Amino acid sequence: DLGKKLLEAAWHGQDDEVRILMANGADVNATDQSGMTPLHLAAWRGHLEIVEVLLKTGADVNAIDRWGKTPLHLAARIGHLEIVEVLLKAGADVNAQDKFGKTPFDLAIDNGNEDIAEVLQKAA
């Protein structure tokens, strides 16, 4: 199952393996046990180039995991500034609330990521 392999390749940051899997049409909308898509996983780990290729490929920028988080939630929580910027440009929803009622801005605040919180507030 190429979707399962794409999830793990995106998580571990294997650019070459991500390229081969997508060249074989691996499902960019696959979800892991936590409901995370490849875009979620690359946004969590900080793999900017994989985030960008997934966005060029019809990945849902606002897909939600089992806790209601979007990829922008993850990038804002961890503090991946460049990924936050590309997700916003691709249409990430700044108002999406997870199952704790938190927007990405709220997670940026909660995790001390000041610059990202400023970026998100100007995009509100």
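A residue's number is simply how far along the shown sequence it sits, counting from 1.
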Completion exercise
For 53 to 61 versus 68 to 76, entry-based mean Cα B-factors point to 53 to 61
Handout entry: Mean C-alpha B-factor comparison - 30 to 38 and 93 to 101, higher one
Key = 93 to 101
Exercise for the section: Using the B-factor values recorded in the entry, state whether the Cα atom of residue 116 falls in the lowest, middle or highest third among the modelled residues of its chain. Expected result: middle
Exercise for the section: State the tercile, meaning the lowest, middle or highest third, of residue 109 with respect to the CA B-factors recorded for its chain. Expected result: highest
Practice task
Give the position of residue 10 by CA B-factor within its chain, expressed as the lowest, middle or highest third.
Solution key: lowest
